[PDB]
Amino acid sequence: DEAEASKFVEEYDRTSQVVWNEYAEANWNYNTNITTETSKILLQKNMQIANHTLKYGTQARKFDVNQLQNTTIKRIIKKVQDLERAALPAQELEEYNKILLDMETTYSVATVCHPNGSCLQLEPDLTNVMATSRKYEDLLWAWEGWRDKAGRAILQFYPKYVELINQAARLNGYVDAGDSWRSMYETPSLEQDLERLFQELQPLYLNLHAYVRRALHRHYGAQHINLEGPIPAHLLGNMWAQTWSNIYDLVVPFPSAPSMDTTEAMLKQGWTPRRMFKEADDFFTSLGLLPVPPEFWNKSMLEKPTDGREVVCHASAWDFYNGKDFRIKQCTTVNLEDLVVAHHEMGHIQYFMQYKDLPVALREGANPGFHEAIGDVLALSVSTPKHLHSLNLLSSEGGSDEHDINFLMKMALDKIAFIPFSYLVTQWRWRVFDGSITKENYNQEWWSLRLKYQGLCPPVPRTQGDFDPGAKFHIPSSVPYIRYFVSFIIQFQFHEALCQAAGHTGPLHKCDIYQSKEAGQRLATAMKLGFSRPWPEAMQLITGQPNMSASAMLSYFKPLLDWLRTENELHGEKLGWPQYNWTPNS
């Protein structure tokens, strides 16, 4: 009865802390030191954690959950009934675990080489080419080269990955892996909700897209941009065209109001990765939120090692499930983009610290998007010309309506452009998992969706054997993407709420929440819930209402919408890409 179920949950929490902590240390050791030995130890620890998951999952499934009264225990038990990959028979489990490691390793160590020349890694070398080169053919070399080396090499693994991850899902009572993932949101309306939200951002995105396309035409030439077609995917300042702010220089609304070069300013002033994380730590504590522990500074990997070594560079935050040991692993570069990423990662660390006294089963965000949003919310304030001037990374840009529209454009290039991208990635993998896209059409459907949602085209026709989704980290790493779409919507809701909590008046985009304890309190109360309640409860605690809504994001960018509509109107832009079949001729 109730006593047996309460006891079970207590034993699960005790044992899980121990085994999860062991697994986390082995996983960290491989991620920060990719070798045969650390791979071997990780794959061994995979079997140890599966043994535990199987043991407790099997006992959990013997409880009739709806006979149980207490709702917190009902909830933990239902969750422990999901064995995830541990539902697989032993041979398939070992195969699956090896496939995942091989995909991660392949992505993380791929390089692109000039013939008889230097070989470039994604971080920082190719990322730097995409962000700074203004030459069509140099950008193409990097963009195609990365797909040829990373994308194509992932293809041999992906169909077996999909088979095994779906098999695990069905064994746990889902129809496929995507169903399994989406279930974390506990929102039956989720599909419709995401479509509605995507549609509300259309006026802003289509106008931003049309304006950017016009500027690219100006720079790259009339023979290379079709003003009524999709934009070549290598021209947007980012390897995946997911965020476009690195081409700010090409699209400045008011060039008479130029901004300080922020990378130059950071470097000349001796900014370092540690300083970047220290500044993030300060922002959190200014809100009354928790500082990271001394152990964090000892054990974190805040830059790429120099001791001849392979690591997974992609930025991540790590909970070691003992309530003390939290770490970030990031190949940090000294620039503004990575300052924002550092805040994002520190938001994950904050969430870990806030829910650390919950049972480990409930040590997650209210939904995964909440976990992604916390750091980004603070980074919105960090990004204001006010805050950046106070860091001496910008001159005084206060006052002018020119600098103001410029600032909004700079933010839009990341925040608005990302909405269709995150939607695309979500939809593609959804349809791979549900079987609507097979290995016969992985790449063709990727590009159909790239066109349909983002209005982008590949600069070079794709060929058989290309697997461009493989060249995006989250695909081989099997990290869900819907979280980021959700994050980008809700972070503006949170910003709007925290700003009114802090007593900001005037346009939302001028808000800076630095030092607001009232704002800190809203966040903390929500984060302390972890995964203990339906996510609308945490949304309510932060915002005073329970829905996901694009209205805050639209309010923030309202003055840019007006400016873009006027600008595009006078140039006669035809929004969208009615000439959707257009691709580059040369």
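All residue numbers refer to positions in the sequence shown, first residue = 1.
Comparing the deposited coordinates for 447-455 and 249-257, the stretch with the larger average C-alpha B-factor is 249-257. Just going by the entry, 65-73 versus 531-539 on mean CA temperature factor gives the higher value to 65-73. For the set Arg431, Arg309, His209, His234, the PDB entry puts the maximum C-alpha B factor at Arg309. Of the candidates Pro188, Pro368, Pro89, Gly347, the one whose C-alpha carries the top B factor in the deposited record is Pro89. Ranked by Cα temperature factor within the chain, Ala550 sits in the lowest third according to the deposited record.
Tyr56: CA B factor lies in the middle third for its chain, per the PDB record. In this PDB entry, the Cα temperature factor of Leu575 sits in the top third of its chain's modelled residues, the highest group.
The PDB entry assigns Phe283 a C-alpha temperature factor belonging to the middle third of its chain's modelled residues.
Per-chain ranking of the deposited C-alpha B factor places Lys410 in the lowest third.
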